[PDB]
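1. Quick one: experimental structure and sequence below.
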Amino acid sequence: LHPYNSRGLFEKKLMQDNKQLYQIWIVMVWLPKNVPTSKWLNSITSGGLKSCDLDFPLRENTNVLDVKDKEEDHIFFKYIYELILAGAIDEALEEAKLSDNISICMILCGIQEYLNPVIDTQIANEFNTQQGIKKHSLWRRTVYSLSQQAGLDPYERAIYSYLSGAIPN
Amino acid sequence: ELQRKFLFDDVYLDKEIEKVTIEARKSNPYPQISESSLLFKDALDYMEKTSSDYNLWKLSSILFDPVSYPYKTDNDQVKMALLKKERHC
């Protein structure tokens, strides 16, 4: 427990050694589509595309790829906002993955703190491999820049508010 | 055919005697060595400090002499990983 830890055992001890914060966490947490995936065909042909990624969307217009998955960044994110107060984020991961996103779904694996048999000793036994981010605080302040990003329309970011603690957007 | 400028210190003869357990041997009375725990950090104080001669001898100071984590972490798999992580830093 004690002697030297990652960030994973800190968070456990926090919740251990108070019980009004632990209840506060439990309150907020307590209260289907078929998508074939793929992109990047139709984009190069009309104009430019030039590099494949949903970071092309962020260098300029968000009309540059297929626009029936521009649909999905509104709509399946709306499903995700019902989900996060029904609890979890790995639930929301499984729906992000049907949203035709597959590198913007890495942000929901980002929310994990470092759980490791190299730096935890009671989380070294329900895992035998590295999990999460050990730069989880630079992750938190960088997913918080998106909560204010003004290129990001509100139907993406409102969960990026919430991933770093929720401004009411 | 050997011209290292830090052989010409006789205290570097003496550093190499101290990283060595001298063996009172029983086939022959003459000295041998029971244990060489000889360091490659014993010429990093007599060597010039710019050169990939310095980086060569330093690389074996991380690899051919040990690196360990000072104080015990609670599980063996974790303890052992932190020797290799310290060595890795």
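-> All right, it came through fine. Residues are numbered from 1 along each chain as shown, chains lettered A, B, ... in the order given.
2. wait, residue A:79 sits on residue A:95?
-> Yes: between residue A:79 and residue A:95 there is a contact at 6.0 Å, judged by CB atoms under 8 Å. Backbone N, C-alpha and C define where each C-beta goes, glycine included.
3. quick one, which of the two is more surrounded?
-> residue A:95 (19 against 15; other CB atoms under 10 Å in any protein chain shown).
4. host element of that one?
-> Using DSSP states H and E, residue A:95 maps to helix A:90-96.
5. Buried residues in the next helix or strand after that helix, which are they?
-> Downstream of helix A:90-96, the first helix or strand assigned by DSSP H and E is helix A:136-142. For helix A:136-142, burial by neighbour count (16 or more other CB atoms under 10 Å in any protein chain shown) applies to A:136, A:139.
6. Return the backbone torsion pair for residue A:39.
-> Per-residue torsions, residue A:39: phi -150, psi 170 (degrees, to the nearest 10).
7. do the one 4 residues further on as well
-> Note on residue A:43: its backbone torsions stand at phi -70, psi -50 [degrees, to the nearest 10].
8. From chain B, how far out is it?
-> Plainly put, residue A:43 is 42 Å away from chain B if you go by CB to the nearest CB, to the nearest Å.
9. mind listing what that residue touches?
-> A:49, A:56, A:64-66 (CB atoms under 8 Å, 6 or more residues apart in numbering or on different chains).
10. Equivalent analysis for residue A:98, please.
-> Counting by CB under 8 Å, 6+ apart, residue A:98 has contacts A:33, A:35, A:37, A:76.
11. 6 Å instead?
-> Each residue near residue A:98 by CB atoms under 6 Å, 6 or more residues apart in numbering or on different chains is listed here: A:33, A:35.
12. one step back: figure out how far the helix holding residue A:95 is from the centre of its chain.
-> Relative to the mean C-alpha coordinate of its chain, helix A:90-96 is positioned 9 Å out (CA atoms, centre = their mean, to the nearest Å).
13. helices or strands up against it?
-> helix A:72-83 (3 or more CB pairs under 6 Å, 6 or more residues apart in numbering or on different chains; DSSP states H and E).
14. Confirm that residue B:21 sits in a strand.
-> Yes: the assignment for residue B:21 is a strand, going by DSSP: H, G, I helix; E, B strand; the rest coil.
15. That one touches residue B:34, doesn't it?
-> Yes: taking CB atoms under 6 Å as the definition, residue B:21 is a contact partner of residue B:34 at 4.6 Å.
16. Can you read off the backbone torsions of residue A:28?
-> According to degrees, to the nearest 10, residue A:28 has phi -70, psi -30.
17. Tell me which residues touch the residue most central in space within chain B, please.
-> By CA atoms, centre = their mean, chain B has its centre lying nearest to residue B:39, at 1.7 Å. Going by CB under 6 Å, 6+ apart, residue B:39 touches B:19, B:65.
18. three-state assignment of it?
-> coil.
19. near chain A, which residues of chain B show up?
-> B:73-75, B:77-78, B:81 (CB under 6 Å from any CB of the partner chain).
20. Include distance to residue B:12 when you put the residues you listed into a markdown table, please.
-> As requested, these are exported to a markdown table (distance: CB to CB, whole Å):
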| residue | distance to residue B:12 |
| --- | --- |
| B:73 | 37 |
| B:74 | 42 |
| B:75 | 42 |
| B:77 | 40 |
| B:78 | 39 |
| B:81 | 36 |
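21. Now for the residues you listed: which two are most distant?
-> The largest separation in these, counting by CB to CB, is between B:74 and B:81 at 12.3 Å.
22. Between those two, which has more neighbouring residues?
-> residue B:81 (19 against 14).
23. what about the spatially most central residue of chain A, distance to residue B:79?
-> The residue lying closest to the centre of chain A (CA atoms, centre = their mean) is residue A:108, at 2.6 Å. The spacing between residue A:108 and residue B:79, counted by CB to CB, to the nearest Å, is 33 Å.
24. can you check residue B:33 too?
-> Residue B:33 is 30 Å from residue B:79, where distance means CB to CB.
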